[PDB]
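Below you'll find the structure, written out as structure tokens, and then a few comments.
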Amino acid sequence: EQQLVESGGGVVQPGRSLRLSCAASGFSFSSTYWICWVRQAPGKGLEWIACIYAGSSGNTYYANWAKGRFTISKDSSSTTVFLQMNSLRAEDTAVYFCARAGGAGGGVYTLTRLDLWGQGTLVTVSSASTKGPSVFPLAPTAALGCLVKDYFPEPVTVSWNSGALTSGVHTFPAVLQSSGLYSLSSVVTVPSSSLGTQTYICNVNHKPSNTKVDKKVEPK
Amino acid sequence: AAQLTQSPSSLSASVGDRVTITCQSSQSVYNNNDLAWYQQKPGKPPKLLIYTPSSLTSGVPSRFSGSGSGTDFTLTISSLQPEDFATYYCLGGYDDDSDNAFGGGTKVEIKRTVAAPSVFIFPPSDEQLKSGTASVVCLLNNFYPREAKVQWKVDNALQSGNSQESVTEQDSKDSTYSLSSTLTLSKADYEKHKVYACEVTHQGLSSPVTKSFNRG
Amino acid sequence: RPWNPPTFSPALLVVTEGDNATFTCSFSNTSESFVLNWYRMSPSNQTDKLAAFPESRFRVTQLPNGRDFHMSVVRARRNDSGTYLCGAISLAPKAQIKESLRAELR
């Protein structure tokens, strides 16, 4: 089936460049298709970047803010579209989707008709070093949780009792501290009477540093 | 140099309601209808709901409808179903595809009864204290509406600039929100004072609620 | 005709078996940077391409006016009876595809 897979994201340092790839599969770069790039900063909205025309002429279409700083291109030997992102800056920290416009039988097509989307790849423009978090207890109907502090970059997984405890669990969006490191908190609401009886462990997983921490939470 | 303005920023509605999101372009879109509406859900790529120039075969539910010409466009959902609570974006195209841009987005949330938050204070852990930093966490749990204010007080001194907070998405089960605010201090400054309190103000509280502890 | 799309005449072309069947796609190129496509349109509602203005039994030949194009099927067959259409793919100054209404062949 039709599919777009982004790749090439991760940490990049301010002022440096980065190239993203969009591996298309299930269809050919026919005369009726355009491959586009849309990004979305954490919490913000969608932002259109550029498109390239699949097919011989390979026409390029850039957004005004992106002209001169971004370069879109496609691989000649395969079915892949690249996005060269030059002179990157903190504002560019975003998830980058590649989408597809065009086809046959839908009457009218423009570059505003993006009907095939990839899952997007996260690009973090920062000069911070990849670091695993420090898991801290938020000891105690009672509330208890874990503090996942000082990790770089995003994302981080948190579970409770290895997935056995799901109800009343709120894992919060992370915040970006002045140190360039991220902190998040996960909490769970449980019956007060179960505090002695039941063991509560939070499972924190940070793939970028390959750090898995399991920290039992206890009244002090 | 076109700008697309989406109104309202967010709206709370109930299942079965008729909602109307609008999108206004500073300059007319190409051939007066080159505008598309997209739906996005958290963690998910966006999905094209309406293409104003042509009717879609994607399987978009019929209750979604697009309207308008020139600079003012409207997205209408006749019977809001539970599967519709999301953020909606308009995308406009112009004579020069360089001017194409998205709107700001309209976050459509579930309307429920007013629910006051459950406030919990968490002092910093002795593990973190060794590292010369104290993080004090105030938890606001299962509250609606989303608008809430947290005020950190340290020995009745209002804190400013040394705290961050984030809010969870609307819970699937009870449609409430949850807020975590972290007050970050150094161990030296954390030990200069005794009373640590977060003052929570919310529509569901008669008067603000204050959750505190003494450093002992 | 909204958006000024191409046309595809006749709406119902009837031909015996053996002789040729010639539709005509009309597209006035404002852009001068365009590519035509010629589709066959299965009852599955799937759209298969058969030729193009920038070029087999299926020919797309540009006529003198430059706005009209001939789309001929030589040695037509009974299993060629169906619904067809043409679409215009402009690349500059505005990237777009404008496709005609479906016409039938017998």
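Chain identifiers are assigned as A, B, and so on, following the order in which chains appear in the structure tokens; residues are numbered from 1 within each chain, and ligands are numbered from 1 in order of appearance.
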Report task. Just the residues within 7 Å of residue 203 of chain A, please, counting only C-alpha atoms, with nothing from its chain fewer than 6 positions along; format it as a list in words. Result ->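 With the cut-off at 7 Å, the set is residues 158, 159, 160, 162, 213, 214 and 215 of chain A.
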Based on the selection just made, write C-alpha atoms of those residues as a PDB file, in the first residue's frame.
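Now in selection04.pdb:
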```pdb
ATOM      1  CA  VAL A 158       6.874   6.168  31.420  1.00  0.00           C
ATOM      2  CA  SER A 159       4.742   3.230  32.574  1.00  0.00           C
ATOM      3  CA  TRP A 160       3.533   2.014  35.969  1.00  0.00           C
ATOM      4  CA  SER A 162       5.215  -2.562  33.853  1.00  0.00           C
ATOM      5  CA  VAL A 213      15.169   3.228  35.075  1.00  0.00           C
ATOM      6  CA  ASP A 214      12.749   1.478  37.429  1.00  0.00           C
ATOM      7  CA  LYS A 215      12.134   3.407  40.636  1.00  0.00           C
TER       8      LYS A 215
END
```
Report task. Would you list the contacts of residue 201 of chain B as a list in words, taking every protein, DNA or RNA residue within 12 Å and counting only C-alpha atoms, but skipping same-chain residues closer than 2 positions in sequence? Result -> residues 116, 117, 118, 119, 140, 143, 145, 146, 147, 148, 149, 150, 151, 152, 198, 199, 203, 204, 205, 206, 207, 208, 209, 210 and 211 of chain B
Residues of chain C within 12 Å of chain A, counting only C-alpha atoms - could you list those as an mmCIF file with N, CA, C and O atoms, in the first residue's frame?
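Resulting contents of iface.cif:
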```cif
data_model
loop_
_atom_site.group_PDB
_atom_site.id
_atom_site.type_symbol
_atom_site.label_atom_id
_atom_site.label_comp_id
_atom_site.auth_asym_id
_atom_site.auth_seq_id
_atom_site.Cartn_x
_atom_site.Cartn_y
_atom_site.Cartn_z
ATOM 1 N N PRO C 2 -16.174 25.681 -13.716
ATOM 2 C CA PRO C 2 -15.282 26.211 -12.674
ATOM 3 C C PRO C 2 -13.854 25.720 -12.859
ATOM 4 O O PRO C 2 -13.620 24.570 -13.238
ATOM 5 N N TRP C 3 -12.899 26.616 -12.588
ATOM 6 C CA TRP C 3 -11.453 26.398 -12.651
ATOM 7 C C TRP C 3 -10.916 26.329 -14.073
ATOM 8 O O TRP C 3 -9.704 26.150 -14.249
ATOM 9 N N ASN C 4 -11.767 26.467 -15.088
ATOM 10 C CA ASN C 4 -11.409 26.365 -16.498
ATOM 11 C C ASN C 4 -10.754 25.011 -16.775
ATOM 12 O O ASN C 4 -9.578 24.972 -17.156
ATOM 13 N N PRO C 5 -11.461 23.891 -16.609
ATOM 14 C CA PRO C 5 -10.828 22.585 -16.791
ATOM 15 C C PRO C 5 -10.860 22.163 -18.243
ATOM 16 O O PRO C 5 -11.590 22.750 -19.057
ATOM 17 N N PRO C 6 -10.087 21.145 -18.621
ATOM 18 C CA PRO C 6 -10.170 20.630 -19.989
ATOM 19 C C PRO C 6 -11.486 19.907 -20.235
ATOM 20 O O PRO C 6 -12.192 19.495 -19.313
ATOM 21 N N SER C 33 3.316 25.503 -19.456
ATOM 22 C CA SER C 33 4.162 24.488 -18.814
ATOM 23 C C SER C 33 3.243 23.376 -18.302
ATOM 24 O O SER C 33 2.940 23.306 -17.109
ATOM 25 N N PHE C 34 2.810 22.496 -19.206
ATOM 26 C CA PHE C 34 1.742 21.557 -18.886
ATOM 27 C C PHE C 34 2.023 20.184 -19.484
ATOM 28 O O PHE C 34 2.835 20.027 -20.400
ATOM 29 N N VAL C 35 1.325 19.187 -18.940
ATOM 30 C CA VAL C 35 1.363 17.810 -19.420
ATOM 31 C C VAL C 35 -0.053 17.256 -19.365
ATOM 32 O O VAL C 35 -0.732 17.380 -18.340
ATOM 33 N N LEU C 36 -0.505 16.659 -20.464
ATOM 34 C CA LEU C 36 -1.809 16.015 -20.509
ATOM 35 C C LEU C 36 -1.685 14.531 -20.197
ATOM 36 O O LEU C 36 -0.662 13.905 -20.478
ATOM 37 N N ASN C 37 -2.741 13.978 -19.602
ATOM 38 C CA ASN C 37 -2.865 12.549 -19.367
ATOM 39 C C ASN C 37 -4.202 12.073 -19.913
ATOM 40 O O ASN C 37 -5.177 12.827 -19.972
ATOM 41 N N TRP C 38 -4.235 10.811 -20.328
ATOM 42 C CA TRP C 38 -5.428 10.196 -20.897
ATOM 43 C C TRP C 38 -5.736 8.938 -20.094
ATOM 44 O O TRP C 38 -4.916 8.021 -20.052
ATOM 45 N N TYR C 39 -6.896 8.898 -19.452
ATOM 46 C CA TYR C 39 -7.208 7.875 -18.480
ATOM 47 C C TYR C 39 -8.317 6.979 -18.987
ATOM 48 O O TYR C 39 -9.235 7.396 -19.708
ATOM 49 N N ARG C 40 -8.197 5.723 -18.612
ATOM 50 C CA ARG C 40 -9.339 4.828 -18.628
ATOM 51 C C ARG C 40 -9.750 4.526 -17.225
ATOM 52 O O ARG C 40 -8.899 4.344 -16.341
ATOM 53 N N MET C 41 -11.037 4.302 -17.088
ATOM 54 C CA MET C 41 -11.721 4.592 -15.826
ATOM 55 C C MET C 41 -12.554 3.352 -15.509
ATOM 56 O O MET C 41 -13.712 3.257 -15.872
ATOM 57 N N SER C 42 -11.980 2.391 -14.761
ATOM 58 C CA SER C 42 -12.677 1.096 -14.624
ATOM 59 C C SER C 42 -13.945 1.243 -13.773
ATOM 60 O O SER C 42 -14.070 2.196 -13.016
ATOM 61 N N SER C 44 -14.555 -0.399 -11.251
ATOM 62 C CA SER C 44 -13.947 -0.316 -9.926
ATOM 63 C C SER C 44 -13.661 1.125 -9.503
ATOM 64 O O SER C 44 -13.344 1.359 -8.331
ATOM 65 N N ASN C 45 -13.750 2.081 -10.435
ATOM 66 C CA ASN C 45 -13.544 3.509 -10.208
ATOM 67 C C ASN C 45 -12.031 3.722 -10.069
ATOM 68 O O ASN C 45 -11.596 4.642 -9.374
ATOM 69 N N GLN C 46 -11.218 2.869 -10.701
ATOM 70 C CA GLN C 46 -9.765 3.030 -10.710
ATOM 71 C C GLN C 46 -9.327 3.626 -12.043
ATOM 72 O O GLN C 46 -9.904 3.323 -13.091
ATOM 73 N N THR C 47 -8.302 4.477 -11.997
ATOM 74 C CA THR C 47 -7.956 5.358 -13.107
ATOM 75 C C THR C 47 -6.597 4.940 -13.667
ATOM 76 O O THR C 47 -5.571 5.128 -13.008
ATOM 77 N N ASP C 48 -6.592 4.389 -14.883
ATOM 78 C CA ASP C 48 -5.377 3.905 -15.534
ATOM 79 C C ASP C 48 -5.017 4.784 -16.727
ATOM 80 O O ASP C 48 -5.873 5.105 -17.557
ATOM 81 N N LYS C 49 -3.738 5.147 -16.822
ATOM 82 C CA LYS C 49 -3.260 6.079 -17.836
ATOM 83 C C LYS C 49 -2.900 5.340 -19.122
ATOM 84 O O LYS C 49 -2.381 4.222 -19.083
ATOM 85 N N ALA C 51 -1.870 7.364 -22.366
ATOM 86 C CA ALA C 51 -0.900 8.123 -23.157
ATOM 87 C C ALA C 51 -0.819 9.527 -22.569
ATOM 88 O O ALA C 51 -1.365 9.792 -21.491
ATOM 89 N N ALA C 52 -0.145 10.433 -23.281
ATOM 90 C CA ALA C 52 0.097 11.784 -22.784
ATOM 91 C C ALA C 52 0.428 12.707 -23.954
ATOM 92 O O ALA C 52 0.833 12.249 -25.024
ATOM 93 N N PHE C 53 0.240 14.013 -23.732
ATOM 94 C CA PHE C 53 0.684 14.976 -24.758
ATOM 95 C C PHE C 53 2.185 14.932 -24.951
ATOM 96 O O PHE C 53 2.617 14.766 -26.119
ATOM 97 N N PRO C 54 3.069 15.080 -23.919
ATOM 98 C CA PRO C 54 4.450 14.653 -24.123
ATOM 99 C C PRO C 54 4.520 13.137 -24.237
ATOM 100 O O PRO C 54 4.546 12.469 -23.202
ATOM 101 N N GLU C 55 4.523 12.575 -25.448
ATOM 102 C CA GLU C 55 4.591 11.128 -25.602
ATOM 103 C C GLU C 55 5.983 10.580 -25.267
ATOM 104 O O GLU C 55 6.173 9.903 -24.252
ATOM 105 N N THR C 83 -15.504 4.017 -19.940
ATOM 106 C CA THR C 83 -15.515 5.440 -19.625
ATOM 107 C C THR C 83 -14.089 5.975 -19.539
ATOM 108 O O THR C 83 -13.210 5.341 -18.944
ATOM 109 N N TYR C 84 -13.871 7.152 -20.128
ATOM 110 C CA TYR C 84 -12.554 7.765 -20.239
ATOM 111 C C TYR C 84 -12.627 9.227 -19.815
ATOM 112 O O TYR C 84 -13.706 9.793 -19.621
ATOM 113 N N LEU C 85 -11.453 9.840 -19.685
ATOM 114 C CA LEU C 85 -11.309 11.244 -19.315
ATOM 115 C C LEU C 85 -9.856 11.646 -19.520
ATOM 116 O O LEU C 85 -8.975 10.798 -19.684
ATOM 117 N N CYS C 86 -9.619 12.956 -19.532
ATOM 118 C CA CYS C 86 -8.272 13.495 -19.646
ATOM 119 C C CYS C 86 -8.048 14.517 -18.543
ATOM 120 O O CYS C 86 -8.990 15.157 -18.070
ATOM 121 N N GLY C 87 -6.799 14.656 -18.131
ATOM 122 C CA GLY C 87 -6.439 15.604 -17.086
ATOM 123 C C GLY C 87 -5.212 16.407 -17.444
ATOM 124 O O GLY C 87 -4.258 15.887 -18.027
ATOM 125 N N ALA C 88 -5.236 17.689 -17.078
ATOM 126 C CA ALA C 88 -4.151 18.616 -17.365
ATOM 127 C C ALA C 88 -3.329 18.855 -16.106
ATOM 128 O O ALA C 88 -3.880 19.189 -15.053
ATOM 129 N N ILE C 89 -2.018 18.699 -16.224
ATOM 130 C CA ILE C 89 -1.092 18.829 -15.109
ATOM 131 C C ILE C 89 -0.219 20.043 -15.401
ATOM 132 O O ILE C 89 0.747 19.952 -16.164
ATOM 133 N N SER C 90 -0.555 21.187 -14.811
ATOM 134 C CA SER C 90 0.275 22.377 -14.930
ATOM 135 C C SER C 90 1.315 22.382 -13.823
ATOM 136 O O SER C 90 1.041 21.960 -12.695
ATOM 137 N N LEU C 91 2.510 22.872 -14.150
ATOM 138 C CA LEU C 91 3.617 22.848 -13.208
ATOM 139 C C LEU C 91 4.024 24.234 -12.738
ATOM 140 O O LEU C 91 4.496 24.379 -11.609
ATOM 141 N N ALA C 92 3.861 25.249 -13.588
ATOM 142 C CA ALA C 92 4.195 26.636 -13.317
ATOM 143 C C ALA C 92 3.231 27.482 -14.128
ATOM 144 O O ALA C 92 2.879 27.093 -15.247
ATOM 145 N N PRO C 93 2.790 28.633 -13.613
ATOM 146 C CA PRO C 93 3.178 29.265 -12.345
ATOM 147 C C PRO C 93 2.475 28.660 -11.134
ATOM 148 O O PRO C 93 2.863 28.922 -10.000
ATOM 149 N N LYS C 94 1.441 27.846 -11.344
ATOM 150 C CA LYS C 94 0.662 27.259 -10.258
ATOM 151 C C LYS C 94 0.598 25.754 -10.475
ATOM 152 O O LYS C 94 0.177 25.299 -11.544
ATOM 153 N N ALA C 95 1.033 24.989 -9.470
ATOM 154 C CA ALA C 95 1.000 23.533 -9.547
ATOM 155 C C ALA C 95 -0.428 23.040 -9.367
ATOM 156 O O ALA C 95 -1.044 23.278 -8.322
ATOM 157 N N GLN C 96 -0.956 22.349 -10.375
ATOM 158 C CA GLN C 96 -2.349 21.932 -10.315
ATOM 159 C C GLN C 96 -2.600 20.797 -11.294
ATOM 160 O O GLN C 96 -1.823 20.563 -12.223
ATOM 161 N N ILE C 97 -3.709 20.095 -11.055
ATOM 162 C CA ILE C 97 -4.259 19.096 -11.962
ATOM 163 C C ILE C 97 -5.733 19.419 -12.159
ATOM 164 O O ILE C 97 -6.470 19.563 -11.180
ATOM 165 N N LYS C 98 -6.160 19.551 -13.413
ATOM 166 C CA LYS C 98 -7.561 19.802 -13.734
ATOM 167 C C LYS C 98 -8.020 18.719 -14.702
ATOM 168 O O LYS C 98 -7.436 18.559 -15.778
ATOM 169 N N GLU C 99 -9.068 17.986 -14.330
ATOM 170 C CA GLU C 99 -9.492 16.796 -15.052
ATOM 171 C C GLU C 99 -10.919 16.961 -15.566
ATOM 172 O O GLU C 99 -11.785 17.495 -14.862
ATOM 173 N N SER C 100 -11.150 16.502 -16.792
ATOM 174 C CA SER C 100 -12.430 16.661 -17.465
ATOM 175 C C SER C 100 -13.486 15.730 -16.874
ATOM 176 O O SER C 100 -13.213 14.873 -16.028
ATOM 177 N N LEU C 101 -14.715 15.901 -17.347
ATOM 178 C CA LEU C 101 -15.772 14.979 -16.979
ATOM 179 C C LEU C 101 -15.666 13.712 -17.818
ATOM 180 O O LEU C 101 -15.175 13.725 -18.952
ATOM 181 N N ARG C 102 -16.115 12.607 -17.237
ATOM 182 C CA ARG C 102 -15.952 11.311 -17.877
ATOM 183 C C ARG C 102 -16.851 11.190 -19.102
ATOM 184 O O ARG C 102 -18.012 11.613 -19.088
#
```
Requested in this report: For residue 73 of chain C, list every protein, DNA or RNA residue within 7 Å, evaluated using only C-alpha atoms, and leave out those in the same chain fewer than 6 positions away; present the list as a list in words.
Outcome: residues 20, 21, 22, 57, 58 and 59 of chain C
Would you mind exporting the chosen residues as an mmCIF file, in the first residue's frame, restricted to N, CA and C atoms?
```
data_model
loop_
_atom_site.group_PDB
_atom_site.id
_atom_site.type_symbol
_atom_site.label_atom_id
_atom_site.label_comp_id
_atom_site.auth_asym_id
_atom_site.auth_seq_id
_atom_site.Cartn_x
_atom_site.Cartn_y
_atom_site.Cartn_z
ATOM 1 N N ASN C 20 -11.170 2.841 -35.723
ATOM 2 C CA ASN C 20 -10.542 3.612 -34.660
ATOM 3 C C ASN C 20 -11.554 4.511 -33.941
ATOM 4 N N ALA C 21 -11.220 4.873 -32.700
ATOM 5 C CA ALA C 21 -12.064 5.712 -31.851
ATOM 6 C C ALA C 21 -11.250 6.904 -31.372
ATOM 7 N N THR C 22 -11.704 8.112 -31.700
ATOM 8 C CA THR C 22 -10.930 9.332 -31.463
ATOM 9 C C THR C 22 -11.707 10.301 -30.572
ATOM 10 N N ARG C 57 -1.431 1.155 -29.022
ATOM 11 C CA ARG C 57 -2.689 1.431 -29.706
ATOM 12 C C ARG C 57 -3.300 2.775 -29.322
ATOM 13 N N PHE C 58 -2.724 3.487 -28.353
ATOM 14 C CA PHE C 58 -3.307 4.710 -27.810
ATOM 15 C C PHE C 58 -2.393 5.885 -28.117
ATOM 16 N N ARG C 59 -2.905 6.841 -28.889
ATOM 17 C CA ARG C 59 -2.130 7.980 -29.357
ATOM 18 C C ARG C 59 -2.745 9.277 -28.856
#
```
Per residue of chain B within 8 Å of chain A, record the nearest atom pair and its distance in Å to one decimal, counting only C-alpha atoms, with rows in chain order and ascending residue number, as a Markdown table.
```
| residue | atom | partner | partner_atom | distance |
| --- | --- | --- | --- | --- |
| B:34 | CA | A:112 | CA | 7.1 |
| B:35 | CA | A:112 | CA | 6.6 |
| B:36 | CA | A:112 | CA | 6.1 |
| B:44 | CA | A:119 | CA | 6.9 |
| B:45 | CA | A:119 | CA | 5.6 |
| B:46 | CA | A:117 | CA | 7.3 |
| B:47 | CA | A:115 | CA | 6.8 |
| B:48 | CA | A:115 | CA | 5.7 |
| B:51 | CA | A:113 | CA | 6.5 |
| B:53 | CA | A:108 | CA | 6.6 |
| B:54 | CA | A:108 | CA | 6.1 |
| B:55 | CA | A:106 | CA | 7.7 |
| B:56 | CA | A:106 | CA | 7.0 |
| B:57 | CA | A:106 | CA | 7.8 |
| B:89 | CA | A:46 | CA | 7.7 |
| B:91 | CA | A:112 | CA | 6.0 |
| B:92 | CA | A:112 | CA | 6.4 |
| B:93 | CA | A:112 | CA | 6.0 |
| B:97 | CA | A:61 | CA | 6.5 |
| B:98 | CA | A:63 | CA | 4.4 |
| B:99 | CA | A:63 | CA | 6.4 |
| B:100 | CA | A:63 | CA | 6.9 |
| B:101 | CA | A:48 | CA | 5.8 |
| B:102 | CA | A:47 | CA | 6.0 |
| B:103 | CA | A:46 | CA | 7.8 |
| B:104 | CA | A:45 | CA | 6.0 |
| B:105 | CA | A:45 | CA | 6.4 |
| B:120 | CA | A:143 | CA | 7.0 |
| B:122 | CA | A:138 | CA | 5.9 |
| B:123 | CA | A:138 | CA | 7.6 |
| B:124 | CA | A:138 | CA | 7.7 |
| B:125 | CA | A:137 | CA | 6.5 |
| B:127 | CA | A:136 | CA | 7.3 |
| B:128 | CA | A:136 | CA | 6.9 |
| B:164 | CA | A:175 | CA | 6.9 |
| B:165 | CA | A:175 | CA | 7.1 |
| B:166 | CA | A:173 | CA | 5.9 |
| B:167 | CA | A:172 | CA | 6.3 |
| B:168 | CA | A:172 | CA | 5.4 |
| B:178 | CA | A:170 | CA | 7.4 |
| B:179 | CA | A:172 | CA | 7.7 |
| B:180 | CA | A:172 | CA | 7.0 |
```
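With only C-alpha atoms as the atoms that count, the minimum distance from residue 146 of chain A to the choices A:74, A:100, A:16, A:216 is reached by A:216.
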Once you count only C-alpha atoms, what closest atom pair and distance in Å to one decimal does each residue of chain B within 8 Å of chain C have, with rows by chain and rising residue number, as a tab-separated table?
```
residue	atom	partner	partner_atom	distance
B:31	CA	C:3	CA	6.5
B:95	CA	C:94	CA	6.0
B:96	CA	C:94	CA	6.2
B:97	CA	C:94	CA	6.4
```
Query raised in the report: Can you list every residue in chain B that DSSP puts in strand (DSSP E or B), as a ChimeraX atom specification?
Result: /B:4-7,10-13,19-25,35-40,47-51,64-69,72-77,87-92,101-102,106-110,115,118-122,133-144,148-154,157-158,163-167,177-186,195-202,209-214
Report task. Name the residues in contact with segment 16-22 of chain B at a cut-off of 6 Å, using only C-alpha atoms, excluding same-chain residues fewer than 5 positions from it; report them as an NGL selection string. Result -> :B and (6-7 or 73-81)
For the selection you just gave me, I'd like the residues written to a file as a JSON list (two decimals), in the first residue's frame, keeping N, CA and C atoms.
```json
[["chain", "number", "residue", "atom", "x", "y", "z"],
["B", 6, "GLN", "N", -7.65, 31.64, 11.91],
["B", 6, "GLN", "CA", -8.63, 30.61, 12.25],
["B", 6, "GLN", "C", -9.35, 31.01, 13.53],
["B", 7, "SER", "N", -10.68, 31.03, 13.48],
["B", 7, "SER", "CA", -11.51, 31.44, 14.60],
["B", 7, "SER", "C", -12.56, 30.37, 14.90],
["B", 73, "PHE", "N", -13.83, 31.10, 4.68],
["B", 73, "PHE", "CA", -14.22, 29.71, 4.56],
["B", 73, "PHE", "C", -14.67, 29.18, 5.91],
["B", 74, "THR", "N", -15.57, 28.20, 5.87],
["B", 74, "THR", "CA", -16.18, 27.65, 7.07],
["B", 74, "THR", "C", -16.17, 26.13, 7.02],
["B", 75, "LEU", "N", -15.79, 25.51, 8.13],
["B", 75, "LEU", "CA", -15.93, 24.07, 8.30],
["B", 75, "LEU", "C", -17.09, 23.81, 9.25],
["B", 76, "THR", "N", -18.00, 22.94, 8.85],
["B", 76, "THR", "CA", -19.20, 22.66, 9.63],
["B", 76, "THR", "C", -19.28, 21.17, 9.90],
["B", 77, "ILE", "N", -19.57, 20.81, 11.15],
["B", 77, "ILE", "CA", -19.81, 19.43, 11.55],
["B", 77, "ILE", "C", -21.24, 19.36, 12.05],
["B", 78, "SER", "N", -22.10, 18.66, 11.31],
["B", 78, "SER", "CA", -23.53, 18.69, 11.58],
["B", 78, "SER", "C", -23.86, 18.03, 12.92],
["B", 79, "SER", "N", -23.35, 16.82, 13.15],
["B", 79, "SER", "CA", -23.58, 16.08, 14.39],
["B", 79, "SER", "C", -22.21, 15.66, 14.92],
["B", 80, "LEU", "N", -21.71, 16.39, 15.91],
["B", 80, "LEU", "CA", -20.39, 16.11, 16.46],
["B", 80, "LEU", "C", -20.39, 14.74, 17.13],
["B", 81, "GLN", "N", -19.56, 13.83, 16.63],
["B", 81, "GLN", "CA", -19.44, 12.52, 17.25],
["B", 81, "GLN", "C", -18.20, 12.44, 18.12]]
```
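Straight-line separation from atom CA of residue 60 of chain B to atom CA of residue 173 of chain B: 25.7 Å.
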Query - chain B: residues DSSP assigns to alpha helix (DSSP H), reported as a VMD selection string - result: chain B and resid 126 to 130 187 to 190
